[PDB]
Amino acid sequence: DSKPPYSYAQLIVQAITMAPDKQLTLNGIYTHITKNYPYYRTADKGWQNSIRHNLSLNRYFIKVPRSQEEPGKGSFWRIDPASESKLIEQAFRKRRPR
Amino acid sequence: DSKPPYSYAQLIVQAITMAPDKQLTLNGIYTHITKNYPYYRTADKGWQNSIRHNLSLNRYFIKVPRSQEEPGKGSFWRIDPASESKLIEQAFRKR
DNA sequence: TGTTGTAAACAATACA
DNA sequence: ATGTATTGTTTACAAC
Ligand SMILES: [Mg+2]
Ligand SMILES: [Mg+2]
């Protein structure tokens with residue numbers, strides 16, 4: 001299993017919208033990607049740093065506080081509705097080999 | 001009065017190097033910092049979590065198992081031998 | 001030029 | 001109160 005032809009943001013977007021209510025925890029994001037693209041092993045922290053970096057930089061990823069009744073670590077991440085259609089449209093557009 | 005121009009790793013190097021056996025317990029590290037740099041008050045625990053985090057993170061600081069000089073307050077912390085000299089020279093390099 | 005990949009510095013927060 | 005792991009923000013620079 002090799003490195004998929006997608007950017008980290010595209011992968012985040014793939015994972016986020018593939019979730020029941022379209023929102024995930026950082027953890028959830030790592031799980032989705034590692035499950036559907038084994039290349040990214042949960043033991044390599046490299047790409048994970050990359051995921052976090054993309055969540056913060058890219059302005060279209062919004063953080064959602066955990067309900068007070070379910071106090072876990074880290075919040076929920078979801079696509080900004082404003083650009084959801086844009087991001088989702090190209091989330092699966094494979095890119096030319098890097 | 002004002003936040004010193006040093007990282008937490010630097011303050012720690014400062015504090016340990018300053019102790020006699022050249023080693024300190026977290027508590028000792030805290031007290032050294034707020035005594036020399038009043039800005040850090042034992043009231044704001046923000047920087048204190050930082051100190052504990054920096055101790056665990058940095059492969060620069062080694063944890064020494066404590067015997068019984070205190071059956072109620074953690075281990076001792078001293079600087080990595082191979083890098084001690086480098087750190088000492090950098091401990092006060094304002095950044 | 002504008003975008004994406006990596007690495008890392010540096011904290012905040014959760015929690016064992 | 002001690003100590004460690006995760007989660008998040010932000011820079012700097014390389015690769016595309
Ligand atoms: Mg964001
Ligand atoms: Mg350590």
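Naming: A, B, ... by sequence-line order, numbering from 1 per chain.
The environment of NZ in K3(B) is crowded: more than 12 heavy-atom neighbours from other residues, nucleotides or ligands sit within 6.0 Å.
Hydrophobic clustering, with ILVMFWY side chains joined whenever heavy atoms are under 4.5 angstrom apart, groups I79(A) together with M18(A). Hydrophobic clustering, with ILVMFWY side chains joined whenever heavy atoms are under 4.5 angstrom apart, keeps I62(B) apart from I51(B).
Going from atom CZ of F61(B) over to atom P of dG3(D) covers 14 Å, rounded to whole Å. In this structure, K63(A) atom NZ and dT13(C) atom P are separated by 10 Å, rounded to whole Å. Going from atom CG of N27(B) over to atom P of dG3(D) covers 10 Å, rounded to whole Å. Separating the CG atom of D44(A) from the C1' atom of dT6(D) is a distance of 17 Å, rounded to the nearest angstrom. One can place CG of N58(A) at 7 Å from P of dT4(C), the figure rounded to the nearest angstrom. To the nearest angstrom, P of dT2(D) lies 9 Å from NZ of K45(B). Straight-line distance from the CG atom of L26(A) to the P atom of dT6(D): 11 Å, rounded to whole Å. The CG atom of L11(A) sits 16 Å away from the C1' atom of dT3(C) (whole-angstrom rounding).
Across all strands shown, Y30(A) has heavy atoms under 4.0 Å from sugar-phosphate atoms exclusively, and none from any base. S7(B) comes within contact range of no nucleotide atom at all, as no heavy-atom separation falls under 4.0 Å. Using a 4.0 Å heavy-atom cutoff across all strands shown, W47(B) reaches no nucleic acid atom at all. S75(A) comes within 4.0 angstrom of the backbone, heavy atoms only, and of no base. Residue contacts for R95(B): at a heavy-atom cut-off of 4.0 Å it reaches the sugar-phosphate backbone alone, with no base atom in range.
The side chain of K73(A) approaches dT7(D) more closely than any other nucleotide in the set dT7(D), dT9(D), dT4(C). Side-chain proximity of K3(A) to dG5(C), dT2(D), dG8(D): nearest is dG5(C).
Between the side chain of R78(A) and the backbone N or O of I16(A) there is no donor-acceptor pair closer than 3.5 Å.
Sorted by first and then second residue, the ring pair (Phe, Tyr, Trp, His ring centres under 6.0 Å) pairs with a member in residues 60-94 of chain A form an empty list; sequence neighbours excluded.
For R95(A) and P71(A), each mapped to the nucleotide of DNA chain C holding its nearest heavy atom, the one lying further toward the 5' end belongs to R95(A).
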Between the protein and nucleotides 10-16 of chain D, list the N/O to N/O atom pairs that are separated by less than 3.5 angstrom.
from	atom 1	to	atom 2	distance (Å)
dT11(D)	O4	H53(A)	NE2	2.8

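In this model, the phosphate group of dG8(D) is approached by a side-chain N or O of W77(A) to a distance below 4.0 Å at OP1 or OP2.
The partner of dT1(C) cannot be assigned: no Watson-Crick or G-U wobble pair with both contacts below 3.5 Å exists in any strand.
Side-chain contact, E70(A) with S67(A): no donor N or O sits under 3.5 Å from an acceptor N or O. A donor-acceptor pair shorter than 3.5 Å can be found between the side chains of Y30(A) and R52(A).
Ring geometry for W47(A) against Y40(A) counts as tilted: the plane angle lies between 30° and 60°, on a 0 to 90° scale.
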